[PDB]
>>> print(open('query-v6.txt').read())   # compact mmCIF, N, CA and C atoms
# COMPACT_ATOMS: atom_id res chain seq x y z
N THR A 930 118.65 52.91 76.56
CA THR A 930 118.80 54.12 77.36
C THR A 930 119.97 54.00 78.33
N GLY A 931 120.86 53.03 78.13
CA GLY A 931 121.96 52.79 79.03
C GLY A 931 121.97 51.36 79.53
N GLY A 932 123.14 50.73 79.55
CA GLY A 932 123.24 49.36 80.02
C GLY A 932 124.10 48.46 79.14
N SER A 933 123.50 47.40 78.62
CA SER A 933 124.21 46.37 77.87
C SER A 933 123.70 46.34 76.43
N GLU A 934 124.11 45.30 75.70
CA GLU A 934 123.78 45.05 74.29
C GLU A 934 124.26 46.21 73.41
N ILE A 935 125.59 46.31 73.33
CA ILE A 935 126.26 47.32 72.52
C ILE A 935 125.98 47.14 71.03
N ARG A 936 125.62 45.93 70.60
CA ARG A 936 125.07 45.71 69.26
C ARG A 936 123.57 45.93 69.34
N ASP A 937 123.15 47.19 69.18
CA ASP A 937 121.75 47.59 69.23
C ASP A 937 121.46 48.45 68.01
N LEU A 938 121.10 47.79 66.90
CA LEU A 938 121.01 48.47 65.61
C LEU A 938 119.80 49.39 65.51
N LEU A 939 118.70 49.05 66.20
CA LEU A 939 117.46 49.81 66.07
C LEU A 939 117.59 51.21 66.64
N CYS A 940 118.29 51.36 67.76
CA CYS A 940 118.41 52.68 68.37
C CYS A 940 119.56 53.49 67.81
N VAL A 941 120.62 52.83 67.30
CA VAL A 941 121.65 53.60 66.61
C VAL A 941 121.16 54.01 65.22
N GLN A 942 120.14 53.34 64.68
CA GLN A 942 119.39 53.94 63.58
C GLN A 942 118.68 55.20 64.03
N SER A 943 118.06 55.16 65.22
CA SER A 943 117.40 56.34 65.77
C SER A 943 118.41 57.41 66.17
N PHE A 944 119.59 57.00 66.65
CA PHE A 944 120.62 57.97 66.99
C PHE A 944 121.24 58.59 65.75
N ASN A 945 121.25 57.86 64.63
CA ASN A 945 121.68 58.45 63.37
C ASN A 945 120.58 59.27 62.71
N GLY A 946 119.33 59.09 63.12
CA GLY A 946 118.27 59.94 62.63
C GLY A 946 116.99 59.25 62.22
N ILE A 947 117.08 58.03 61.68
CA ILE A 947 115.90 57.38 61.12
C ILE A 947 115.11 56.71 62.23
N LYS A 948 113.83 57.06 62.32
CA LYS A 948 112.96 56.61 63.40
C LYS A 948 111.78 55.86 62.80
N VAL A 949 111.59 54.61 63.22
CA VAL A 949 110.42 53.84 62.82
C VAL A 949 109.28 54.26 63.74
N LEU A 950 108.38 55.09 63.22
CA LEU A 950 107.25 55.55 64.01
C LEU A 950 106.27 54.40 64.23
N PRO A 951 105.69 54.28 65.42
CA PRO A 951 104.61 53.32 65.60
C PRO A 951 103.38 53.73 64.81
N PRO A 952 102.58 52.78 64.35
CA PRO A 952 101.32 53.13 63.69
C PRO A 952 100.33 53.73 64.68
N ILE A 953 99.39 54.50 64.13
CA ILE A 953 98.45 55.25 64.96
C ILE A 953 97.39 54.38 65.62
N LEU A 954 97.28 53.11 65.22
CA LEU A 954 96.37 52.17 65.86
C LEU A 954 97.18 51.03 66.46
N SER A 955 96.90 50.72 67.72
CA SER A 955 97.55 49.59 68.38
C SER A 955 97.03 48.28 67.81
N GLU A 956 97.88 47.25 67.85
CA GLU A 956 97.47 45.94 67.38
C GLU A 956 96.52 45.25 68.34
N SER A 957 96.48 45.69 69.60
CA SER A 957 95.54 45.12 70.57
C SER A 957 94.10 45.43 70.18
N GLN A 958 93.82 46.68 69.83
CA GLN A 958 92.45 47.03 69.46
C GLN A 958 92.09 46.49 68.09
N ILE A 959 93.06 46.36 67.18
CA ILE A 959 92.80 45.77 65.87
C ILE A 959 92.49 44.29 66.01
N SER A 960 93.26 43.58 66.84
CA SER A 960 92.99 42.17 67.11
C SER A 960 91.66 41.99 67.83
N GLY A 961 91.31 42.92 68.72
CA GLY A 961 89.99 42.88 69.34
C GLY A 961 88.87 43.12 68.36
N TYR A 962 89.09 44.00 67.38
CA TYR A 962 88.11 44.22 66.32
C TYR A 962 87.91 42.98 65.46
N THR A 963 89.01 42.31 65.10
CA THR A 963 88.91 41.08 64.32
C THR A 963 88.24 39.97 65.12
N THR A 964 88.53 39.89 66.43
CA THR A 964 87.85 38.95 67.31
C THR A 964 86.36 39.25 67.39
N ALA A 965 86.00 40.53 67.47
CA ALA A 965 84.60 40.94 67.51
C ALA A 965 83.88 40.58 66.22
N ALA A 966 84.54 40.77 65.07
CA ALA A 966 83.96 40.36 63.79
C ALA A 966 83.79 38.85 63.70
N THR A 967 84.77 38.09 64.21
CA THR A 967 84.68 36.64 64.16
C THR A 967 83.57 36.11 65.06
N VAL A 968 83.45 36.66 66.28
CA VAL A 968 82.37 36.21 67.16
C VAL A 968 81.03 36.76 66.71
N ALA A 969 81.00 37.84 65.93
CA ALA A 969 79.77 38.24 65.27
C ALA A 969 79.38 37.22 64.21
N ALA A 970 80.37 36.69 63.50
CA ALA A 970 80.10 35.62 62.54
C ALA A 970 79.69 34.33 63.22
N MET A 971 80.10 34.12 64.48
CA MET A 971 79.82 32.86 65.16
C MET A 971 78.62 32.91 66.10
N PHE A 972 78.05 34.07 66.38
CA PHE A 972 77.02 34.16 67.41
C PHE A 972 75.87 35.04 66.92
N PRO A 973 74.65 34.80 67.41
CA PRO A 973 73.52 35.65 67.01
C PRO A 973 73.61 37.01 67.66
N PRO A 974 73.27 38.09 66.93
CA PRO A 974 72.89 38.13 65.51
C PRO A 974 74.11 38.06 64.60
N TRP A 975 74.03 37.25 63.55
CA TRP A 975 75.18 36.97 62.70
C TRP A 975 75.31 38.08 61.66
N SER A 976 75.83 39.22 62.11
CA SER A 976 76.02 40.37 61.23
C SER A 976 77.07 40.08 60.16
N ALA A 977 78.14 39.38 60.54
CA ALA A 977 79.17 39.00 59.58
C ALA A 977 78.83 37.73 58.82
N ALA A 978 77.74 37.05 59.17
CA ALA A 978 77.31 35.85 58.45
C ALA A 978 75.90 35.99 57.90
N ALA A 979 75.45 37.24 57.70
CA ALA A 979 74.15 37.59 57.11
C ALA A 979 72.98 36.99 57.90
N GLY A 980 73.11 36.98 59.22
CA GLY A 980 72.04 36.48 60.07
C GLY A 980 71.83 34.98 60.02
N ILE A 981 72.86 34.22 59.67
CA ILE A 981 72.74 32.78 59.48
C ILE A 981 73.69 32.08 60.45
N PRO A 982 73.26 31.01 61.13
CA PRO A 982 74.18 30.25 61.99
C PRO A 982 75.32 29.61 61.20
N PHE A 983 76.45 29.43 61.88
CA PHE A 983 77.71 29.05 61.24
C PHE A 983 77.63 27.67 60.60
N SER A 984 77.07 26.70 61.32
CA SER A 984 76.85 25.38 60.75
C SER A 984 75.85 25.44 59.60
N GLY B 598 170.55 68.51 63.46
CA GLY B 598 169.49 68.21 62.52
C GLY B 598 168.22 68.99 62.75
N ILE B 599 168.27 70.30 62.49
CA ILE B 599 167.13 71.18 62.74
C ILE B 599 165.99 70.82 61.80
N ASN B 600 164.81 70.55 62.39
CA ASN B 600 163.59 70.13 61.68
C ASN B 600 163.81 68.86 60.85
N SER B 601 164.54 67.91 61.42
CA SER B 601 164.77 66.62 60.78
C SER B 601 164.97 65.58 61.88
N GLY B 602 165.47 64.41 61.50
CA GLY B 602 165.85 63.41 62.49
C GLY B 602 164.66 62.73 63.15
N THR B 603 164.88 62.29 64.39
CA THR B 603 163.91 61.49 65.12
C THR B 603 163.48 62.10 66.45
N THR B 604 164.41 62.69 67.20
CA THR B 604 164.10 63.24 68.52
C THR B 604 163.29 64.52 68.35
N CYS B 605 161.99 64.43 68.60
CA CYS B 605 161.07 65.53 68.36
C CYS B 605 160.36 65.92 69.65
N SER B 606 160.19 67.23 69.83
CA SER B 606 159.55 67.74 71.04
C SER B 606 158.05 67.47 71.02
N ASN B 607 157.52 67.09 72.18
CA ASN B 607 156.08 66.94 72.37
C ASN B 607 155.46 68.17 73.00
N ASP B 608 156.12 69.33 72.91
CA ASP B 608 155.65 70.56 73.53
C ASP B 608 154.64 71.31 72.68
N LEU B 609 154.01 70.63 71.72
CA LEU B 609 152.76 71.07 71.13
C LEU B 609 151.63 70.66 72.08
N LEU B 610 150.39 70.73 71.60
CA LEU B 610 149.26 70.28 72.41
C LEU B 610 149.33 68.76 72.53
N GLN B 611 149.62 68.28 73.73
CA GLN B 611 149.64 66.84 73.94
C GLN B 611 148.21 66.35 74.19
N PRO B 612 147.73 65.38 73.41
CA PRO B 612 146.35 64.91 73.55
C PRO B 612 146.16 63.72 74.48
N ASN B 613 147.22 63.24 75.11
CA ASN B 613 147.11 62.19 76.12
C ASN B 613 146.56 62.81 77.39
N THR B 614 145.24 62.78 77.54
CA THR B 614 144.56 63.45 78.65
C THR B 614 143.71 62.40 79.36
N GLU B 615 144.28 61.78 80.40
CA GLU B 615 143.63 60.66 81.08
C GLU B 615 142.53 61.21 81.99
N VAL B 616 141.35 61.37 81.40
CA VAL B 616 140.17 61.89 82.09
C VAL B 616 139.13 60.78 82.14
N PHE B 617 138.67 60.46 83.35
CA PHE B 617 137.59 59.51 83.52
C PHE B 617 136.29 60.08 82.96
N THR B 618 135.49 59.21 82.34
CA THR B 618 134.29 59.66 81.64
C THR B 618 133.17 58.66 81.88
N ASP B 619 132.07 59.14 82.46
CA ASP B 619 130.85 58.36 82.60
C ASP B 619 129.62 59.18 82.21
N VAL B 620 129.84 60.31 81.54
CA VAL B 620 128.79 61.19 81.06
C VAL B 620 129.07 61.41 79.57
N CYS B 621 128.11 62.01 78.86
CA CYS B 621 128.18 62.13 77.40
C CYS B 621 129.24 63.16 77.01
N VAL B 622 130.50 62.74 77.10
CA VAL B 622 131.65 63.53 76.69
C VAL B 622 132.47 62.67 75.74
N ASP B 623 132.86 63.26 74.61
CA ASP B 623 133.64 62.56 73.60
C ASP B 623 135.03 62.21 74.14
N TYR B 624 135.66 61.24 73.49
CA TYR B 624 136.93 60.71 73.96
C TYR B 624 138.09 61.50 73.36
N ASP B 625 139.30 60.98 73.54
CA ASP B 625 140.50 61.61 73.02
C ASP B 625 141.50 60.59 72.49
N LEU B 626 141.01 59.47 71.96
CA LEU B 626 141.85 58.32 71.65
C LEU B 626 141.51 57.93 70.21
N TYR B 627 141.89 56.71 69.82
CA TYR B 627 141.74 56.14 68.48
C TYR B 627 140.34 56.34 67.90
N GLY B 628 140.30 56.70 66.62
CA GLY B 628 139.05 57.00 65.95
C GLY B 628 138.62 58.44 66.13
N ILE B 629 137.66 58.84 65.31
CA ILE B 629 137.09 60.18 65.35
C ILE B 629 136.00 60.21 66.41
N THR B 630 136.02 61.23 67.26
CA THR B 630 135.20 61.26 68.47
C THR B 630 133.76 61.59 68.11
N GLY B 631 132.92 60.56 68.04
CA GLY B 631 131.49 60.75 67.92
C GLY B 631 130.81 60.79 69.28
N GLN B 632 129.48 60.88 69.24
CA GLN B 632 128.69 60.89 70.47
C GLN B 632 128.80 59.55 71.19
N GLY B 633 128.88 59.61 72.51
CA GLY B 633 129.00 58.38 73.28
C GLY B 633 128.88 58.50 74.78
N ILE B 634 128.05 57.65 75.37
CA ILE B 634 128.05 57.40 76.81
C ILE B 634 128.98 56.22 77.06
N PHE B 635 129.79 56.31 78.11
CA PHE B 635 130.86 55.35 78.34
C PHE B 635 130.39 54.31 79.35
N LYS B 636 130.10 53.11 78.87
CA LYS B 636 129.74 51.99 79.73
C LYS B 636 131.00 51.19 80.02
N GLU B 637 131.56 51.39 81.22
CA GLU B 637 132.79 50.70 81.60
C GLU B 637 132.48 49.23 81.87
N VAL B 638 133.13 48.34 81.12
CA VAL B 638 132.92 46.91 81.23
C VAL B 638 134.27 46.20 81.29
N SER B 639 134.25 44.99 81.83
CA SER B 639 135.43 44.15 81.92
C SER B 639 135.39 43.10 80.82
N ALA B 640 136.51 42.93 80.12
CA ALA B 640 136.58 41.99 79.02
C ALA B 640 137.99 41.44 78.93
N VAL B 641 138.13 40.33 78.20
CA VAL B 641 139.38 39.58 78.17
C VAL B 641 139.78 39.37 76.72
N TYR B 642 138.84 39.59 75.80
CA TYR B 642 139.06 39.27 74.39
C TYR B 642 140.05 40.21 73.70
N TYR B 643 140.35 41.36 74.29
CA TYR B 643 141.51 42.13 73.83
C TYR B 643 142.80 41.39 74.16
N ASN B 644 143.72 41.40 73.20
CA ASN B 644 145.03 40.78 73.34
C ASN B 644 145.96 41.47 72.35
N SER B 645 147.22 41.01 72.32
CA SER B 645 148.27 41.47 71.40
C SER B 645 148.45 42.99 71.44
N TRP B 646 148.10 43.66 70.34
CA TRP B 646 147.92 45.11 70.32
C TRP B 646 146.58 45.36 69.65
N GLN B 647 145.50 45.24 70.43
CA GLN B 647 144.13 45.40 69.95
C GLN B 647 143.39 46.29 70.94
N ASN B 648 143.38 47.59 70.67
CA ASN B 648 142.67 48.54 71.52
C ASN B 648 141.24 48.77 71.04
N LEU B 649 141.04 48.86 69.73
CA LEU B 649 139.76 49.22 69.15
C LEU B 649 139.21 48.07 68.32
N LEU B 650 137.89 48.05 68.17
CA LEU B 650 137.23 47.08 67.31
C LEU B 650 136.10 47.77 66.57
N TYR B 651 135.79 47.28 65.38
CA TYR B 651 134.61 47.72 64.65
C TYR B 651 133.60 46.59 64.52
N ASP B 652 132.39 46.97 64.11
CA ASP B 652 131.32 46.04 63.81
C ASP B 652 131.43 45.58 62.36
>>> encode(input="query-v6.txt", output="structure tokens")
Amino acid sequence: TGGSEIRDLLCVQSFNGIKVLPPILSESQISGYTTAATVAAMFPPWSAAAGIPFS
Amino acid sequence: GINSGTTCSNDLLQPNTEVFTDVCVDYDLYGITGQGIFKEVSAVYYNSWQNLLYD
């Protein structure tokens, strides 16, 4: 938006027209979902481990 | 030497227009004038007869 790094290919792609849209889901909530699934597999009730302890 | 020779009048539209620019106004110098904000910077790597550079 102004300043330095005159070699800035990503925004001159956007200035020429092509825009990489962000995905509609953030990676923070996706990583939190995967963490929730993993701790579901590791803790009671083991929904991701069919109700069975990990060991 | 009417319409020949070397000594030619510059009384057409002279494009040497030394206008300071720090807003989105196209230039009047080497190359075709595309969109540009002018970030005035100090550099030393120009030498000889090197006004313009490409990527």
>>> atom_distance(input="query-v6.txt", atom1="CA of residue 942 in chain A", atom2="CA of residue 618 in chain B")
24.1 Å
>>> residues_around(input="query-v6.txt", residues="range 633-637 of chain B", least_positions_apart="6", cutoff="6.5 Å", atoms="all atoms listed in the file", output="PyMOL selection string")
chain B and resi 618-623
>>> interface_residues(input="query-v6.txt", of="chain A", to="chain B", cutoff="8 Å", atoms="only N, CA and C atoms", output="VMD selection string")
chain A and resid 931 to 933
>>> closest_residue(input="query-v6.txt", among="B:647, B:631, B:642, B:608", to="residue 944 in chain A", atoms="only C-alpha atoms")
B:631
>>> atom_distance(input="query-v6.txt", atom1="CA of residue 975 in chain A", atom2="CA of residue 963 in chain A")
14.4 Å
>>> residues_around(input="query-v6.txt", residues="range 977-981 of chain A", least_positions_apart="6", cutoff="12 Å", atoms="only C-alpha atoms", output="PyMOL selection string")
chain A and resi 963-971
>>> write_last_selection(input="query-v6.txt", atoms="N, CA and C atoms", output="PDB file, in the frame of the given file")
ATOM      1  N   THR A 963      89.010  42.310  65.100  1.00  0.00           N
ATOM      2  CA  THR A 963      88.910  41.080  64.320  1.00  0.00           C
ATOM      3  C   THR A 963      88.240  39.970  65.120  1.00  0.00           C
ATOM      4  N   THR A 964      88.530  39.890  66.430  1.00  0.00           N
ATOM      5  CA  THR A 964      87.850  38.950  67.310  1.00  0.00           C
ATOM      6  C   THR A 964      86.360  39.250  67.390  1.00  0.00           C
ATOM      7  N   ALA A 965      86.000  40.530  67.470  1.00  0.00           N
ATOM      8  CA  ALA A 965      84.600  40.940  67.510  1.00  0.00           C
ATOM      9  C   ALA A 965      83.880  40.580  66.220  1.00  0.00           C
ATOM     10  N   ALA A 966      84.540  40.770  65.070  1.00  0.00           N
ATOM     11  CA  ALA A 966      83.960  40.360  63.790  1.00  0.00           C
ATOM     12  C   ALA A 966      83.790  38.850  63.700  1.00  0.00           C
ATOM     13  N   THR A 967      84.770  38.090  64.210  1.00  0.00           N
ATOM     14  CA  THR A 967      84.680  36.640  64.160  1.00  0.00           C
ATOM     15  C   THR A 967      83.570  36.110  65.060  1.00  0.00           C
ATOM     16  N   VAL A 968      83.450  36.660  66.280  1.00  0.00           N
ATOM     17  CA  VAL A 968      82.370  36.210  67.160  1.00  0.00           C
ATOM     18  C   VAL A 968      81.030  36.760  66.710  1.00  0.00           C
ATOM     19  N   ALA A 969      81.000  37.840  65.930  1.00  0.00           N
ATOM     20  CA  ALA A 969      79.770  38.240  65.270  1.00  0.00           C
ATOM     21  C   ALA A 969      79.380  37.220  64.210  1.00  0.00           C
ATOM     22  N   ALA A 970      80.370  36.690  63.500  1.00  0.00           N
ATOM     23  CA  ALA A 970      80.100  35.620  62.540  1.00  0.00           C
ATOM     24  C   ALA A 970      79.690  34.330  63.220  1.00  0.00           C
ATOM     25  N   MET A 971      80.100  34.120  64.480  1.00  0.00           N
ATOM     26  CA  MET A 971      79.820  32.860  65.160  1.00  0.00           C
ATOM     27  C   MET A 971      78.620  32.910  66.100  1.00  0.00           C
TER      28      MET A 971
END
>>> select_by_dssp(input="query-v6.txt", residues="chain A", states="helix (DSSP H, G or I)", output="list in words")
residues 938, 939, 940, 941, 942, 943, 944, 945, 956, 957, 958, 959, 960, 961, 962, 963, 964, 965, 966, 967, 968, 969, 970 and 971 of chain A
>>> residues_near_point(input="query-v6.txt", point="(75.4, 24.1, 64.7)", cutoff="12 Å", atoms="only C-alpha atoms", output="ChimeraX atom specification")
/A:971-973,981-984
>>> write_last_selection(input="query-v6.txt", atoms="N, CA and C atoms", output="CSV table (one decimal), keeping the file's coordinate frame")
chain,number,residue,atom,x,y,z
A,971,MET,N,80.1,34.1,64.5
A,971,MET,CA,79.8,32.9,65.2
A,971,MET,C,78.6,32.9,66.1
A,972,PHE,N,78.0,34.1,66.4
A,972,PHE,CA,77.0,34.2,67.4
A,972,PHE,C,75.9,35.0,66.9
A,973,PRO,N,74.6,34.8,67.4
A,973,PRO,CA,73.5,35.6,67.0
A,973,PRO,C,73.6,37.0,67.7
A,981,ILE,N,72.9,34.2,59.7
A,981,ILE,CA,72.7,32.8,59.5
A,981,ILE,C,73.7,32.1,60.4
A,982,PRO,N,73.3,31.0,61.1
A,982,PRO,CA,74.2,30.2,62.0
A,982,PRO,C,75.3,29.6,61.2
A,983,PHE,N,76.4,29.4,61.9
A,983,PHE,CA,77.7,29.0,61.2
A,983,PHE,C,77.6,27.7,60.6
A,984,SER,N,77.1,26.7,61.3
A,984,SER,CA,76.8,25.4,60.8
A,984,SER,C,75.8,25.4,59.6
>>> atom_distance(input="query-v6.txt", atom1="CA of residue 628 in chain B", atom2="CA of residue 612 in chain B")
13.2 Å
>>> axis_aligned_box(input="query-v6.txt", around="range 613-630 of chain B", padding_each_side="6 Å", output="lines of an AutoDock Vina configuration file")
center_x = 137.7
center_y = 59.8
center_z = 74.4
size_x = 31.1
size_y = 19.4
size_z = 30.2
